[PDB]
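Right, one structure below, let's go through it.
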Amino acid sequence: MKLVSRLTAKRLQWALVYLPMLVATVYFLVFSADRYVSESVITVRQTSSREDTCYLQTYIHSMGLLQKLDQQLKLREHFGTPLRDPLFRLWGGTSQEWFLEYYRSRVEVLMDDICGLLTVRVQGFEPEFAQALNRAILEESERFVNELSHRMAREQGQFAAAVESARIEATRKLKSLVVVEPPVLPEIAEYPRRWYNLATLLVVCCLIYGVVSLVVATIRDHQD
Amino acid sequence: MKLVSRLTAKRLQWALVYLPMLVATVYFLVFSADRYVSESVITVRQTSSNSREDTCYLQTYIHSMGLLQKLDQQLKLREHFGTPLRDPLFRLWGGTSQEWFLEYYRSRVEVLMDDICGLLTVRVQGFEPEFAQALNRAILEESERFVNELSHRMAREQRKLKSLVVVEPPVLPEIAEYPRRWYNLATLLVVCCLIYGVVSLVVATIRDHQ
Amino acid sequence: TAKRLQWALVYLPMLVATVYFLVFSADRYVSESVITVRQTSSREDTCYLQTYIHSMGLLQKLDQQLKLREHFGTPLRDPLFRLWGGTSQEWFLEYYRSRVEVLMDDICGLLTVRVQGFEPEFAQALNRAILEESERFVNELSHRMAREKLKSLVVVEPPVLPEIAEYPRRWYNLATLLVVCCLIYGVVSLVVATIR
Amino acid sequence: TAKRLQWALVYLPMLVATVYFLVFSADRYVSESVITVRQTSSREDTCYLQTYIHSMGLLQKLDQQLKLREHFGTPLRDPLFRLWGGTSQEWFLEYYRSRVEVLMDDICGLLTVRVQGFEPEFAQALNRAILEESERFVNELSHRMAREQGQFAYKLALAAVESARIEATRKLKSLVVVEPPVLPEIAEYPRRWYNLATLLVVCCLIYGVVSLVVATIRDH
Amino acid sequence: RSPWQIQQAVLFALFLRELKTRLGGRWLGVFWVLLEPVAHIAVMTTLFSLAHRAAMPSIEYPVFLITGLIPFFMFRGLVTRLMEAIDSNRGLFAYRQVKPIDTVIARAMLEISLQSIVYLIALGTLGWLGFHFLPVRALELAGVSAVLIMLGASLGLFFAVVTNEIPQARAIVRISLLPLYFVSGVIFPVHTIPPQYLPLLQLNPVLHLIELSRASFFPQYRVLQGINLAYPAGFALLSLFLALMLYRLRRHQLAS
Ligand SMILES: CCCCCCCCCCCC(=O)O[C@@H](COC(=O)CCCCCCCCCC)COP(=O)(O)OC[C@H](O)CO[C@@]1(C(=O)O)C[C@H](O)[C@@H](O)[C@H]([C@@H](O)CO)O1
């Protein structure tokens with residue numbers, strides 16, 4: 001009622017247009033941090049079949065792989081280095097579930113159904129770190145598939161002439177991973193697109209400002 | 001346009017309302033001829049492996065011409081189908097062409113295919129029940145002979161290879177299925193009425209318009 | 001006026017068709033045959049037969065064998081359906097394709113061939129020659145393939161001697177022409193009255 | 001301005017179209033062939049052929065053999081239906097692709113080729129040339145396919161090498177021809193009347209839209 | 001007073017009137033425009049959920065349905081509501097500051113504002129349910145949405161001008177708005193239809209616009225051949241040109 005009339009067009013414009021611009025401009029151009037990416041494409045194949053691709057896709061975003069990677073390369077201390085950016089940074093002392101969600105948000109895995117290839121894009125604050133993380137993910141991936149095959153063959157051997165065949169099956173890497181494109185080394189950051197984000201923000205705030213101005217004008221007219 | 005006013009209600013009635021049942025009653029009751037029907041059900045199997053397509057082969061072969069020539073030489077269909085002089089509509093006139101004879105034979109012998117799982121049903125019409133049964137049996141035996149010769153030829157060019165399964169043998173009818181006299185009279189009444197109502201409406205509006 | 005479209009639109013085609021079909025038309029007998037190619041030990045061979053029946057080389061071999069160019073020029077009374085003397089080879093091909101109709105029934109793979117001619121024995125001979133040459137081509141294809149009786153033709157219904165002229169249907173053609181001419185009259189009269 | 005637009009918009013393009021089509025045009029005889037490749041001992045091979053007809057290396061071989069360059073420039077009467085002297089290679093390739101039509105019947109699985117030429121014998125000779133070049137193309141493709149394993153490679157291994165060396169000379173794939181090239185005598189092209197009717201439709205559409213534009217801008 | 005200022009005044013007043021009459025006396029229309037996508041989603045998931053899961057195993061069905069449905073709802077509303085604007089204010093054309101194009105623009109802006117509110121609410125509840133609700137490339141989404149809006153408004157104005165007379169034809173276009181739903185990729189992904197039916201479906205510009213909006217929405221979404229933006233852009237431009245021409249020519253006979 002009275003609070004509805006307690007504003008003006010300039011006040012609404014300052015509330016919904018220029019203030020988000022100010023915070024976004026002082027974030028993206030000043031307070032933001034770069035995020036290099038490293039891209040690879042992989043696909044497993046029987047030696048001498050999209051199922052093992054599903055196993056891989058679930059295993060990349062798994063939790064045990066995260067524990068192995070944290071033990072190996074210490075991802076927790078690396079992702080907290082960019083204080084400049086308090087958001088996309090990993091705050092220290094956080095819970096394990098938030099760490100897992102952060103890791104899942106960083107590395108992204110995509111599938112294409114027509115070809116069956118698995119593409120992995122890893123985000124890091126350093127290019128060499130991103131390449132090393134991608135390579136570690138790939139080698140742990142190959143080790144996981146080979147260990148699954150060896151575990152099945154070792155169970156078959158543990159059941160038990162055929163002992164030599166079981167030992168051969170345990171030693172033989174039946175499933176192998178072939179890398180179509182090795183993990184690349186980025187040169188510049190590409191994901192924190194500042195200007196494009198500012199532009200889509202401009203479209204969004206223009207739209208919501210227009211809609212809210214129309215509805216507040218009609219409720220002002222109806223309340224009289 | 002002057003003849004439009006001539007068509008009164010009593011006139012158009014005698015025209016297409018009553019007349020048609022007059023001619024239908026004096027035909028279907030005292031002029032028509034009974035037609036006994038014999039029905040058989042068959043299917044050809046895959047015994048020549050050491051199969052709907054062979055059934056459609058048989059469907060095309062039954063309504064063919066060479067089979068009709070064989071049956072006319074065997075059982076003399078042409079003289080038999082001219083027996084009822086009472087009904088000319090259901091009779092084969094003497095001296096007609098060969099093509100008209102073929103169309104008459106195709107009209108008399110009806111072949112249908114159960115398509116969900118392929119059963120060939122054959123219904124044969126004849127003015128005597130024993131003749132209908134005999135024609136059905138002759139059709140079946142020539143059917144088996146052709147489907148055997150169908151393979152015998154390529155075997156000779158390169159034993160009973162194929163076989164005919166007789167699910168329902170040619171039965172001997174007791175009473176005549178066709179023509180359905182009272183049924184046709186009822187449908188005729190329905191149609192003659194409908195067209196009389198429609199034409200009465202159209203003649204009423206064309207009388208009002210002019 | 002309206003009498004010009006009353007008379008000159010519908011009547012004159014009817015007199016033309018009457019003086020053509022009743023007296024100037026020539027009777028055309030037709031023979032029929034129903035076949036299927038099957039290996040003696042198969043739709044591809046059926047399609048091969050379909051494109052080979054209406055081909056050029058087969059027309060040349062048939063013209064050598066039976067001389068259809070002389071046979072299709074006999075009726076002088078019919079100016080439309082006769083084969084004019086000294087015409088082009090392509091028009092001869094279209095005439096042959098019109099005079100030999102082939103239909104495909106793909107639910108079971110059946111070829112049916114209807115051959116028209118002005119003599120019944122000639123029509124049967126043309127049908128038999130077509131069947132024989134098509135069979136010869138069917139095995140000759142495999143012979144040329146394997147050179148550097150492989151197949152056979154199954155005859156469901158052999159060629160049949162016709163007794164009466166199935167073609168043309170004079171009364172049927174006159175009736176459907178009459179119907180269309182009246183329809184055309186109705187639509188042109190309605191638009192020419194509603195434009196006023 | 002209500003009659004002058006009709007004069008040049010349609011009347012004159014129609015008139016120039018008829019005088020060009022009835023006088024300035026030249027005959028174009030078409031040779032037709034129907035083929036399908038078959039394995040001696042399948043859609044992919046005829047697909048390779050269908051791509052290969054409209055290729056460029058085949059066009060270069062045909063230009064070297066039958067000398068297509070000078071023939072397509074002989075009909076001096078047509079300025080637009082002839083190959084201009086000293087044109088581009090890309091325009092020559094587009095001209096060859098436009099003058100040779102290839103259709104596929106997938107249900108029947110047959111490839112039909114219609115080749116145009118300004119002489120009755122040239123169309124047949126060119127069609128036979130494409131036939132021979134396609135046969136030798138699939139033959140050489142199979143030979144190159146077998147050549148790597150032939151050149152890659154105790155007594156049984158040498159016996160296998162001897163038994164496999166004949167793969168580079170055996171004629172594994174053969175071109176089966178259903179309808180050979182023909183010798184026409186009446187030109188199929190150009191179809192003057194259908195193009196004329198298309199000009200009627202297009203000219204009427206442009207006249208209507210420009211009349212609407214002019215009538216709208218008139219009261220402004 | 002400039003013409004622009006009186007144009008804002010008349011558009012504001014006409015928007016107020018048309019928003020009052022579009023919803024009910026006690027705002028019953030807002031419930032219907034909130035419930036119609038809900039009912040459409042309910043029927044479509046309960047009829048084709050497993051089939052769409054089998055179609056592609058990368059995009060959830062409700063988000064696909066929303067992204068293909070809300071733009072189509074806006075387009076259908078713009079087409080079908082813009083053309084009744086002439087007959088709703090026949091008696092209003094007597095105050096010399098009111099023109100038919102003002103009613104057209106007022107109806108269009110309302111249709112746009114209402115459907116934008118519905119789109120924002122739907123994206124909010126889609127994100128609230130744990131689905132995917134952030135467009136990866138929002139600027140291209142805005143561009144394609146603007147093209148679709150301009151095409152719909154142009155077609156609505158064209159049908160309003162042409163069918164000022166013969167109101168039966170008005171009804172007809174609503175019937176033809178029903179098969180347009182079932183062809184333009186709204187329900188099922190277009191990758192599953194047999195390919196020889198493809199180009200006959202590719203003259204529909206709404207199919208191209210829906211496909212490009214979905215492609216700019218989802219990450220790694222595959223488009224077919226000939227789904228260019230140039231064809232809908234040209235269709236919209238030509239339709240707007242013809243509509244404005246016909247409104248200019250047939251302007252004076254839209255009187256009381
Ligand atoms: C077959 C296609 C799909 C199946 C639809 C089956 C139709 C449903 C059954 C009828 C449902 C129904 O209610 O009828 C509808 C008929 O369906 C349509 O619209 C056809 C839509 C065409 C556009 C499709 C584009 C696709 C988009 C792709 C991009 C309205 O027609 P109607 O017969 O009812 O109108 C009679 C009125 O009483 C009076 O109108 C007149 C008249 O007589 O004065 C005037 C005028 O001429 C015209 O309106 C009218 C007539 O002539 C013009 O077709 O007659």
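Order determines the names: the first chain of the structure tokens is A, the second B, and so forth; residues in each chain are numbered 1 upward, and ligands are numbered 1 upward as they are shown.
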Using only C-alpha atoms and all ligand atoms, I'd like a table of the residues in chain E that come within 10 Å of ligand 1; for each, show the closest atom pair and its distance in Å rounded to one decimal, ordered by chain and ascending number, as CSV.
```
residue,atom,partner,partner_atom_place_in_ligand_line,distance
E:166,CA,ligand 1,45 (C),8.0
E:167,CA,ligand 1,49 (O),8.7
E:168,CA,ligand 1,49 (O),5.3
E:169,CA,ligand 1,49 (O),5.0
E:170,CA,ligand 1,49 (O),8.3
E:171,CA,ligand 1,30 (C),7.4
E:172,CA,ligand 1,19 (O),4.9
E:173,CA,ligand 1,19 (O),7.1
E:174,CA,ligand 1,19 (O),8.2
E:175,CA,ligand 1,19 (O),5.4
E:176,CA,ligand 1,23 (C),4.7
E:177,CA,ligand 1,27 (C),7.0
E:178,CA,ligand 1,27 (C),7.9
E:179,CA,ligand 1,26 (C),5.6
E:180,CA,ligand 1,27 (C),5.2
E:181,CA,ligand 1,27 (C),8.9
E:182,CA,ligand 1,28 (C),9.3
E:183,CA,ligand 1,28 (C),7.6
E:184,CA,ligand 1,29 (C),8.5
E:200,CA,ligand 1,29 (C),9.5
E:201,CA,ligand 1,29 (C),8.0
E:202,CA,ligand 1,29 (C),9.6
E:203,CA,ligand 1,29 (C),7.8
E:204,CA,ligand 1,29 (C),5.7
E:205,CA,ligand 1,29 (C),8.8
E:206,CA,ligand 1,29 (C),8.9
E:207,CA,ligand 1,29 (C),9.7
```
Find the residues around residue 25 of chain B up to 12 Å (only C-alpha atoms counted), leave out those fewer than 2 positions away in its own chain, and share them as a list in words.
residues 18, 19, 20, 21, 22, 23, 27, 28, 29, 30, 31, 32, 181, 182, 184, 185, 186, 188 and 189 of chain B
Suppose we keep N, CA, C and O atoms; can you now write the selection as an mmCIF file, in the first residue's frame?
```cif
data_model
loop_
_atom_site.group_PDB
_atom_site.id
_atom_site.type_symbol
_atom_site.label_atom_id
_atom_site.label_comp_id
_atom_site.auth_asym_id
_atom_site.auth_seq_id
_atom_site.Cartn_x
_atom_site.Cartn_y
_atom_site.Cartn_z
ATOM 1 N N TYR B 18 -41.453 -47.849 -54.310
ATOM 2 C CA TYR B 18 -42.186 -49.141 -54.351
ATOM 3 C C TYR B 18 -41.673 -50.000 -55.510
ATOM 4 O O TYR B 18 -41.360 -51.186 -55.281
ATOM 5 N N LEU B 19 -41.591 -49.419 -56.709
ATOM 6 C CA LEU B 19 -41.147 -50.187 -57.905
ATOM 7 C C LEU B 19 -40.000 -51.127 -57.514
ATOM 8 O O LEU B 19 -40.149 -52.346 -57.722
ATOM 9 N N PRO B 20 -38.861 -50.633 -56.978
ATOM 10 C CA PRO B 20 -37.706 -51.487 -56.645
ATOM 11 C C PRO B 20 -38.043 -52.714 -55.814
ATOM 12 O O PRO B 20 -37.513 -53.791 -56.101
ATOM 13 N N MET B 21 -38.917 -52.609 -54.811
ATOM 14 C CA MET B 21 -39.310 -53.831 -54.120
ATOM 15 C C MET B 21 -40.206 -54.720 -54.961
ATOM 16 O O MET B 21 -40.186 -55.934 -54.760
ATOM 17 N N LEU B 22 -40.972 -54.163 -55.898
ATOM 18 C CA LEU B 22 -41.723 -55.012 -56.817
ATOM 19 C C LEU B 22 -40.784 -55.895 -57.631
ATOM 20 O O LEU B 22 -40.930 -57.125 -57.652
ATOM 21 N N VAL B 23 -39.783 -55.288 -58.272
ATOM 22 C CA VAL B 23 -38.873 -56.089 -59.087
ATOM 23 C C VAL B 23 -38.008 -56.992 -58.210
ATOM 24 O O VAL B 23 -37.705 -58.130 -58.593
ATOM 25 N N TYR B 27 -38.001 -61.042 -58.433
ATOM 26 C CA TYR B 27 -36.759 -61.715 -58.798
ATOM 27 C C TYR B 27 -36.274 -62.661 -57.705
ATOM 28 O O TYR B 27 -36.045 -63.843 -57.970
ATOM 29 N N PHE B 28 -36.105 -62.162 -56.480
ATOM 30 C CA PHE B 28 -35.438 -62.925 -55.430
ATOM 31 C C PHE B 28 -36.260 -64.106 -54.934
ATOM 32 O O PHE B 28 -35.707 -64.989 -54.271
ATOM 33 N N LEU B 29 -37.556 -64.148 -55.229
ATOM 34 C CA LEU B 29 -38.413 -65.207 -54.713
ATOM 35 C C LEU B 29 -38.778 -66.252 -55.757
ATOM 36 O O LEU B 29 -38.773 -67.448 -55.450
ATOM 37 N N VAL B 30 -39.094 -65.841 -56.983
ATOM 38 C CA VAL B 30 -39.558 -66.761 -58.014
ATOM 39 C C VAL B 30 -38.631 -66.821 -59.217
ATOM 40 O O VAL B 30 -38.876 -67.617 -60.128
ATOM 41 N N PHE B 31 -37.572 -66.011 -59.257
ATOM 42 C CA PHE B 31 -36.666 -65.996 -60.395
ATOM 43 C C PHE B 31 -35.223 -66.329 -60.057
ATOM 44 O O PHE B 31 -34.488 -66.762 -60.951
ATOM 45 N N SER B 32 -34.792 -66.142 -58.812
ATOM 46 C CA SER B 32 -33.405 -66.394 -58.460
ATOM 47 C C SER B 32 -33.133 -67.892 -58.364
ATOM 48 O O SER B 32 -34.046 -68.717 -58.289
ATOM 49 N N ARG B 181 -32.102 -63.782 -49.448
ATOM 50 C CA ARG B 181 -33.274 -63.135 -50.027
ATOM 51 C C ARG B 181 -33.825 -62.051 -49.109
ATOM 52 O O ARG B 181 -33.878 -60.871 -49.480
ATOM 53 N N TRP B 182 -34.242 -62.436 -47.900
ATOM 54 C CA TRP B 182 -34.856 -61.478 -46.986
ATOM 55 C C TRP B 182 -33.861 -60.427 -46.517
ATOM 56 O O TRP B 182 -34.238 -59.266 -46.312
ATOM 57 N N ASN B 184 -31.296 -59.198 -48.293
ATOM 58 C CA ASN B 184 -31.166 -58.240 -49.385
ATOM 59 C C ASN B 184 -32.413 -57.381 -49.510
ATOM 60 O O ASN B 184 -32.320 -56.194 -49.832
ATOM 61 N N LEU B 185 -33.587 -57.958 -49.247
ATOM 62 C CA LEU B 185 -34.813 -57.165 -49.257
ATOM 63 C C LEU B 185 -34.787 -56.088 -48.178
ATOM 64 O O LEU B 185 -35.201 -54.948 -48.420
ATOM 65 N N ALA B 186 -34.293 -56.426 -46.985
ATOM 66 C CA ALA B 186 -34.239 -55.449 -45.900
ATOM 67 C C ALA B 186 -33.266 -54.316 -46.214
ATOM 68 O O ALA B 186 -33.598 -53.132 -46.048
ATOM 69 N N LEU B 188 -32.301 -53.415 -49.154
ATOM 70 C CA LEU B 188 -32.876 -52.679 -50.269
ATOM 71 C C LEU B 188 -33.923 -51.688 -49.789
ATOM 72 O O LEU B 188 -33.934 -50.539 -50.240
ATOM 73 N N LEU B 189 -34.783 -52.104 -48.852
ATOM 74 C CA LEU B 189 -35.757 -51.195 -48.253
ATOM 75 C C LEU B 189 -35.078 -49.995 -47.616
ATOM 76 O O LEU B 189 -35.495 -48.845 -47.818
#
```
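Computed from the coordinates, the atom CA of residue 109 of chain A to atom CA of residue 92 of chain A distance equals 25.9 Å.
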Fewer than 4 positions away in the same chain doesn't count, so skip those; otherwise give me all residues within 12 Å of residue 41 of chain E, counting only C-alpha atoms, as number ranges by chain.
E: 34-37, 45-49, 61-70, 122, 126, 186-187
For those residues, write N, CA, C and O atoms to a file as a PDB file, in the first residue's frame.
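again_15.pdb, freshly written:
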```
ATOM      1  N   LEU E  34      -0.651 -20.645 -15.030  1.00  0.00           N
ATOM      2  CA  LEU E  34       0.323 -21.402 -14.256  1.00  0.00           C
ATOM      3  C   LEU E  34       0.079 -22.903 -14.344  1.00  0.00           C
ATOM      4  O   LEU E  34       1.031 -23.686 -14.258  1.00  0.00           O
ATOM      5  N   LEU E  35      -1.177 -23.322 -14.514  1.00  0.00           N
ATOM      6  CA  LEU E  35      -1.499 -24.742 -14.481  1.00  0.00           C
ATOM      7  C   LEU E  35      -1.340 -25.419 -15.835  1.00  0.00           C
ATOM      8  O   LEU E  35      -1.094 -26.629 -15.883  1.00  0.00           O
ATOM      9  N   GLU E  36      -1.499 -24.677 -16.934  1.00  0.00           N
ATOM     10  CA  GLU E  36      -1.435 -25.291 -18.260  1.00  0.00           C
ATOM     11  C   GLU E  36      -0.087 -25.943 -18.566  1.00  0.00           C
ATOM     12  O   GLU E  36      -0.087 -27.093 -19.047  1.00  0.00           O
ATOM     13  N   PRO E  37       1.075 -25.310 -18.324  1.00  0.00           N
ATOM     14  CA  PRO E  37       2.329 -26.066 -18.462  1.00  0.00           C
ATOM     15  C   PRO E  37       2.423 -27.248 -17.521  1.00  0.00           C
ATOM     16  O   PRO E  37       3.006 -28.270 -17.894  1.00  0.00           O
ATOM     17  N   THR E  45       5.165 -36.440 -19.595  1.00  0.00           N
ATOM     18  CA  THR E  45       6.026 -37.383 -18.889  1.00  0.00           C
ATOM     19  C   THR E  45       5.330 -38.718 -18.675  1.00  0.00           C
ATOM     20  O   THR E  45       5.887 -39.764 -19.024  1.00  0.00           O
ATOM     21  N   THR E  46       4.085 -38.705 -18.177  1.00  0.00           N
ATOM     22  CA  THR E  46       3.410 -39.972 -17.916  1.00  0.00           C
ATOM     23  C   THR E  46       3.095 -40.750 -19.187  1.00  0.00           C
ATOM     24  O   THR E  46       2.739 -41.929 -19.097  1.00  0.00           O
ATOM     25  N   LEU E  47       3.224 -40.132 -20.362  1.00  0.00           N
ATOM     26  CA  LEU E  47       3.011 -40.852 -21.607  1.00  0.00           C
ATOM     27  C   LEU E  47       4.295 -41.228 -22.341  1.00  0.00           C
ATOM     28  O   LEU E  47       4.279 -42.193 -23.110  1.00  0.00           O
ATOM     29  N   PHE E  48       5.410 -40.506 -22.148  1.00  0.00           N
ATOM     30  CA  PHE E  48       6.605 -40.786 -22.942  1.00  0.00           C
ATOM     31  C   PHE E  48       7.901 -40.728 -22.135  1.00  0.00           C
ATOM     32  O   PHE E  48       8.966 -40.486 -22.713  1.00  0.00           O
ATOM     33  N   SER E  49       7.855 -40.959 -20.817  1.00  0.00           N
ATOM     34  CA  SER E  49       9.071 -40.830 -20.013  1.00  0.00           C
ATOM     35  C   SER E  49      10.118 -41.872 -20.395  1.00  0.00           C
ATOM     36  O   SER E  49      11.286 -41.537 -20.631  1.00  0.00           O
ATOM     37  N   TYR E  61      13.824 -35.461 -19.048  1.00  0.00           N
ATOM     38  CA  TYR E  61      12.601 -35.137 -19.780  1.00  0.00           C
ATOM     39  C   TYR E  61      11.936 -33.830 -19.348  1.00  0.00           C
ATOM     40  O   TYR E  61      11.535 -33.062 -20.239  1.00  0.00           O
ATOM     41  N   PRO E  62      11.740 -33.524 -18.051  1.00  0.00           N
ATOM     42  CA  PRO E  62      11.026 -32.274 -17.724  1.00  0.00           C
ATOM     43  C   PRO E  62      11.727 -31.000 -18.170  1.00  0.00           C
ATOM     44  O   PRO E  62      11.050 -30.058 -18.597  1.00  0.00           O
ATOM     45  N   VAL E  63      13.057 -30.937 -18.101  1.00  0.00           N
ATOM     46  CA  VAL E  63      13.746 -29.722 -18.528  1.00  0.00           C
ATOM     47  C   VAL E  63      13.677 -29.572 -20.045  1.00  0.00           C
ATOM     48  O   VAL E  63      13.482 -28.464 -20.567  1.00  0.00           O
ATOM     49  N   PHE E  64      13.802 -30.686 -20.771  1.00  0.00           N
ATOM     50  CA  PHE E  64      13.610 -30.686 -22.216  1.00  0.00           C
ATOM     51  C   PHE E  64      12.213 -30.201 -22.578  1.00  0.00           C
ATOM     52  O   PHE E  64      12.045 -29.356 -23.469  1.00  0.00           O
ATOM     53  N   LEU E  65      11.204 -30.697 -21.860  1.00  0.00           N
ATOM     54  CA  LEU E  65       9.824 -30.302 -22.110  1.00  0.00           C
ATOM     55  C   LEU E  65       9.604 -28.824 -21.827  1.00  0.00           C
ATOM     56  O   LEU E  65       8.929 -28.140 -22.601  1.00  0.00           O
ATOM     57  N   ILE E  66      10.161 -28.312 -20.729  1.00  0.00           N
ATOM     58  CA  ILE E  66       9.981 -26.902 -20.389  1.00  0.00           C
ATOM     59  C   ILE E  66      10.635 -26.014 -21.440  1.00  0.00           C
ATOM     60  O   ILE E  66      10.023 -25.059 -21.941  1.00  0.00           O
ATOM     61  N   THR E  67      11.877 -26.343 -21.815  1.00  0.00           N
ATOM     62  CA  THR E  67      12.613 -25.519 -22.767  1.00  0.00           C
ATOM     63  C   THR E  67      11.984 -25.553 -24.151  1.00  0.00           C
ATOM     64  O   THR E  67      12.076 -24.570 -24.892  1.00  0.00           O
ATOM     65  N   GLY E  68      11.346 -26.662 -24.521  1.00  0.00           N
ATOM     66  CA  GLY E  68      10.634 -26.676 -25.782  1.00  0.00           C
ATOM     67  C   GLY E  68       9.193 -26.224 -25.727  1.00  0.00           C
ATOM     68  O   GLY E  68       8.582 -26.010 -26.776  1.00  0.00           O
ATOM     69  N   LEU E  69       8.631 -26.068 -24.531  1.00  0.00           N
ATOM     70  CA  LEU E  69       7.212 -25.792 -24.362  1.00  0.00           C
ATOM     71  C   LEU E  69       6.917 -24.327 -24.073  1.00  0.00           C
ATOM     72  O   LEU E  69       6.011 -23.755 -24.684  1.00  0.00           O
ATOM     73  N   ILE E  70       7.649 -23.714 -23.137  1.00  0.00           N
ATOM     74  CA  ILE E  70       7.365 -22.321 -22.772  1.00  0.00           C
ATOM     75  C   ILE E  70       7.573 -21.357 -23.935  1.00  0.00           C
ATOM     76  O   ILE E  70       6.712 -20.483 -24.139  1.00  0.00           O
ATOM     77  N   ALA E 122       9.062 -21.180 -13.871  1.00  0.00           N
ATOM     78  CA  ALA E 122       9.295 -22.572 -14.238  1.00  0.00           C
ATOM     79  C   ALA E 122      10.759 -22.954 -14.079  1.00  0.00           C
ATOM     80  O   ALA E 122      11.067 -24.045 -13.587  1.00  0.00           O
ATOM     81  N   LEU E 126      12.176 -25.678 -11.465  1.00  0.00           N
ATOM     82  CA  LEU E 126      12.964 -26.756 -12.043  1.00  0.00           C
ATOM     83  C   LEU E 126      14.302 -26.893 -11.335  1.00  0.00           C
ATOM     84  O   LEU E 126      14.749 -28.009 -11.051  1.00  0.00           O
ATOM     85  N   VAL E 186       8.423 -30.111 -29.948  1.00  0.00           N
ATOM     86  CA  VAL E 186       8.091 -29.713 -28.587  1.00  0.00           C
ATOM     87  C   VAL E 186       8.008 -30.927 -27.673  1.00  0.00           C
ATOM     88  O   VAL E 186       8.502 -30.903 -26.542  1.00  0.00           O
ATOM     89  N   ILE E 187       7.411 -32.011 -28.154  1.00  0.00           N
ATOM     90  CA  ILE E 187       7.143 -33.175 -27.319  1.00  0.00           C
ATOM     91  C   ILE E 187       8.337 -34.111 -27.272  1.00  0.00           C
ATOM     92  O   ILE E 187       8.894 -34.381 -26.204  1.00  0.00           O
TER      93      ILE E 187
END
```
Find the distance between atom CA of residue 67 of chain A and atom CA of residue 39 of chain A and write it in Å to one decimal.
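Computed distance, atom CA of residue 67 of chain A to atom CA of residue 39 of chain A, equals 21.9 Å.
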Work out how far atom CA of residue 44 of chain A is from atom CA of residue 182 of chain A, in Å to one decimal.
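Atom CA of residue 44 of chain A lies 14.2 Å from atom CA of residue 182 of chain A.
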Check: which chain E residues lie within 8 Å of chain A using only C-alpha atoms, as a PyMOL selection string:
chain E and resi 16+56+113+117+138-139+142+220
Just write the chosen residues, C-alpha atoms, as a compact mmCIF listing (two decimals), in the first residue's frame.
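Heads up, here's the output in selection_37.txt:
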```
# COMPACT_ATOMS: atom_id res chain seq x y z
CA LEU E 16 -3.97 -1.58 -18.10
CA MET E 56 19.05 -39.83 -25.43
CA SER E 113 5.58 -10.15 -19.89
CA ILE E 117 7.13 -14.45 -15.71
CA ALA E 138 22.40 -17.47 -22.37
CA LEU E 139 23.14 -14.74 -24.93
CA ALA E 142 18.17 -14.42 -25.74
CA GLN E 220 26.59 -30.70 -25.74
```
Within 10 Å of segment 183-195 of chain A, counting only C-alpha atoms, which residues qualify if same-chain residues fewer than 3 places away don't, as a PyMOL selection string?
chain A and resi 24-25+27-29+32-41+120-136+138+179-180+198-201
Contacts of segment 138-154 of chain C at 9 Å (only C-alpha atoms; same-chain gap of 2+ positions) as a VMD selection string:
(chain B and resid 150 153 to 154 157 to 158) or (chain C and resid 34 to 41 45 48 to 49 131 133 to 136 156) or (chain D and resid 38 to 41 171 174 to 178)
Excluding residue 68 of chain A and any residue of its chain fewer than 5 positions from it, enumerate the residues within 10 Å of it, using only C-alpha atoms, and give them as number ranges by chain.
A: 63, 73-74, 136-137, 140
Quick one: residues within 12 Å of residue 130 of chain D, only C-alpha atoms, excluding same-chain residues fewer than 6 positions away - as a PyMOL selection string?
chain D and resi 31-33+35+49-50+52-55+57-63+65-66+100+102+113-115+123-124+136-137+175+180-181
Residue nearest residue 162 of chain C among B:75, B:99, B:2, B:67 (counting only C-alpha atoms)
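Closest residue, counting only C-alpha atoms: B:99.
DSSP on the backbone gives strand (DSSP E) for these parts of segment 23-218 of chain A: residues 36, 37, 38, 39, 40, 41, 42, 43, 44, 45, 46, 108, 109, 110, 111, 118, 119, 120, 121, 122, 123, 124, 175, 176, 177, 178, 179, 180 and 181 of chain A.
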Which one is closest to residue 106 of chain A: A:153, A:9, A:22, A:60? Count only C-alpha atoms.
A:60
